[PDB]
Amino acid sequence: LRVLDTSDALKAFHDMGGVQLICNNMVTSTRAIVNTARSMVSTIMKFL
Amino acid sequence: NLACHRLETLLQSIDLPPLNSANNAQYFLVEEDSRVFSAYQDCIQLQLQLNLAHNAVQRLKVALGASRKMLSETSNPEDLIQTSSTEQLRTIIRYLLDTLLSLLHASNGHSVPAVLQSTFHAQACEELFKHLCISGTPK
Amino acid sequence: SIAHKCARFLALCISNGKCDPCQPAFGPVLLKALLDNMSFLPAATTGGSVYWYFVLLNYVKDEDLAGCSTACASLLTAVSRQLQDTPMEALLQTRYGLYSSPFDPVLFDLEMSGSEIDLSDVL
């Protein structure tokens, strides 16, 4: 965040193709990790 | 009437998200619960005094020389089932299930009569659960 | 009081059943009387009266089982289709575990002894 304060920082990020790589990171990360948050199952198991 | 009405306005003052009854159960484990509890306490207690007072005035009116409601010979059993209070309905159901359990134990574990076994077919059984489990008491 | 006295008197008539050979027993005839009076149960007025009625029925049902079973089955069908006849009460039951209808004013009787239910012991 700090190194992307200036406009030129964003411009250079776009120039050397960082956005495509981060989008790829989105695809891999979203496809990779499964949700670990306490779902409905834990709620229904809480009072048993 | 005014207490139960305020209870109605209280329950109408509850914001309703998309229906996820899991969250409704999650609410057990907030001041709203206590205030609805108090309002229901007042409404149900006031119903209790109203009911005892009505029973007392009916007793007094009968003792005065009057008579209670008379069952006419032309009365259709089905409409008086329909024109009977739901509380009467639930109570008498509980009694007659007690009676049916007594008959079942009265068989001493032997063969249940085949008439009721044939009677408790799929549709009748489905209809009785469909009508009771959604609305009936847990007991 | 009247229903309880009548129940006591019929019980006494059962107790002294040293009937003559030409005298039929009191059991089956009273039983068909209760079967005849089956139809007016939802039109009754007093919880204790019908309670004692059911006490007598429960005692004397040993004589015949078919007729009472089919009659009560008809009652089951009728009162089951009738009982289902608002979302607010169900909402209170689900959200708060609070079952008794607050808007319906009429009650019939109270049960009270000093002795939800956990069904683990029941299991």
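Chains as they are written, first to last, in PDB author numbering: chain A, 3086 to 3133; chain B, 1929 to 1957, 1964 to 2073; chain C, 1399 to 1483, 1486 to 1515, 1531 to 1538. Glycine is no exception: its CB is placed at the ideal position from the N, C-alpha and C atoms.
DSSP state of residue i, grouped into three classes?
| i | result |
| --- | --- |
| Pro-2072(B) | coil |
| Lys-1430(C) | helix |
| residue 1517(C) | A gap in chain C, from 1515 straight to 1531, means residue 1517(C) has no coordinates in the model shown. |
| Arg-2002(B) | coil |
| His-2055(B) | coil |
| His-2044(B) | coil |
| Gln-1482(C) | coil |
| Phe-1424(C) | helix |
| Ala-1442(C) | coil |
| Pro-1487(C) | helix |
| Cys-1404(C) | helix |
| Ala-1987(B) | helix |
| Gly-3102(A) | coil |
| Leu-1473(C) | helix |
| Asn-1414(C) | coil |
| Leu-2038(B) | helix |
| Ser-1513(C) | coil |
| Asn-2010(B) | coil |
| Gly-1465(C) | helix |
| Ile-1532(C) | coil |
Check the Cβ of residue i against every Cβ in chain B and list those closer than 8 Å, keeping chain order.
| i | result |
| --- | --- |
| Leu-1454(C) | Correct list: empty, because the minimum Cβ distance to chain B is about 11 Å. |
| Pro-1502(C) | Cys-1932, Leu-1935, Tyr-1974, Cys-1977, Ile-1978 and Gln-1981 |
Check the Cβ of residue i against every Cβ in chain A and list those closer than 9 Å, keeping chain order.
| i | result |
| --- | --- |
| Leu-1957(B) | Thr-3128, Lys-3131 and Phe-3132 |
Give the residues of chain C in contact with residue i, contact being defined as C-beta atoms less than 7 Å apart.
| i | result |
| --- | --- |
| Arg-2002(B) | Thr-1443 |
| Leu-2005(B) | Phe-1438 and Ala-1441 |
| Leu-1984(B) | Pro-1505 |
Name the chain B residues whose beta carbon is nearer than 9 Å to that of residue i?
| i | result |
| --- | --- |
| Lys-1459(C) | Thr-2033, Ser-2036, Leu-2037 and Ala-2040 |
| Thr-1475(C) | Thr-2053, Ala-2058, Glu-2061 and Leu-2062 |
In chain B, which residues lie less than 7 Å from residue i when you measure between Cβ atoms?
| i | result |
| --- | --- |
| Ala-1471(C) | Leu-2050 and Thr-2053 |
| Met-3125(A) | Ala-1950 |
| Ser-1437(C) | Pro-2011 |
| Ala-1464(C) | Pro-2047 and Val-2049 |
| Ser-1467(C) | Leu-2037, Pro-2047, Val-2049 and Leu-2050 |
Using a cut-off of 8 Å between C-beta atoms, extract the partners of residue i located in chain C.
| i | result |
| --- | --- |
| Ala-1950(B) | Neighbours of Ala-1950(B) on chain C: none; closest Cβ ~11 Å, over 8 Å. |
| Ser-2019(B) | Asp-1504, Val-1506 and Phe-1508 |
| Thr-2025(B) | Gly-1445, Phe-1508 and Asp-1509 |
| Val-1970(B) | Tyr-1496 |
| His-2044(B) | Chain C residues near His-2044(B): none, gap ~11 Å exceeds 8 Å. |
Judging by CA-CA distance, which residue of the options is the nearest neighbour of residue i?
| i | options | result |
| --- | --- | --- |
| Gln-1940(B) | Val-1970(B), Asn-1951(B) and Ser-2045(B) | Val-1970(B) |
| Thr-2071(B) | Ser-1513(C), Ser-1535(C) and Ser-1500(C) | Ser-1500(C) |
| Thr-2053(B) | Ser-1467(C), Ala-1401(C) and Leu-1433(C) | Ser-1467(C) |
| residue 1529(C) | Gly-1497(C), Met-1488(C) and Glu-1461(C) | Missing from the coordinates: residue 1529(C), inside the break in chain C from 1515 to 1531. |
| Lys-1403(C) | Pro-1505(C), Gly-1446(C) and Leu-1474(C) | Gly-1446(C) |
| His-2065(B) | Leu-1473(C), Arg-1479(C), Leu-1510(C) and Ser-1399(C) | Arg-1479(C) |
| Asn-2010(B) | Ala-1471(C), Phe-1438(C), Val-1453(C) and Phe-1508(C) | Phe-1438(C) |
| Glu-2007(B) | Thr-1486(C), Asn-1435(C), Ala-1405(C) and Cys-1417(C) | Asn-1435(C) |
| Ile-1532(C) | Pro-1945(B), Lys-2073(B), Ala-1973(B) and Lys-2003(B) | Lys-2073(B) |
| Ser-1472(C) | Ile-2027(B), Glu-2021(B) and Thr-2017(B) | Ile-2027(B) |
| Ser-2045(B) | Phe-1452(C), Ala-1464(C) and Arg-1406(C) | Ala-1464(C) |
| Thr-2033(B) | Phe-1424(C), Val-1506(C), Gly-1415(C) and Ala-1469(C) | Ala-1469(C) |
Taking residue i as the query, report the chain C residues whose CB atoms sit under 9 Å from its CB, ordered along the chain.
| i | result |
| --- | --- |
| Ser-2069(B) | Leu-1481, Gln-1482, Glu-1489, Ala-1490 and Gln-1493 |
| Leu-1998(B) | Here the premise fails: no neighbours, minimum Cβ distance about 17 Å. |
Taking C-beta pairs closer than 7 Å, name the residues in chain A that residue i reaches, listed in chain order.
| i | result |
| --- | --- |
| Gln-1954(B) | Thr-3128 |
Can you list, in chain order, the residues of its chain with a C-beta nearer than 7 Å to that of residue i? Leave out the 5 residues immediately preceding and following it.
| i | result |
| --- | --- |
| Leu-1492(C) | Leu-1498 |
| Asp-3093(A) | none |
| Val-1996(B) | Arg-2002 |
| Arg-1934(B) | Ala-1973 |
| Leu-1433(C) | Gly-1465, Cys-1466 and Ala-1469 |
With a threshold of 8 Å on Cβ separation, who are the neighbours of residue i within its own chain once the five nearest residues in sequence on each side are excluded?
| i | result |
| --- | --- |
| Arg-2024(B) | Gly-2070 and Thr-2071 |
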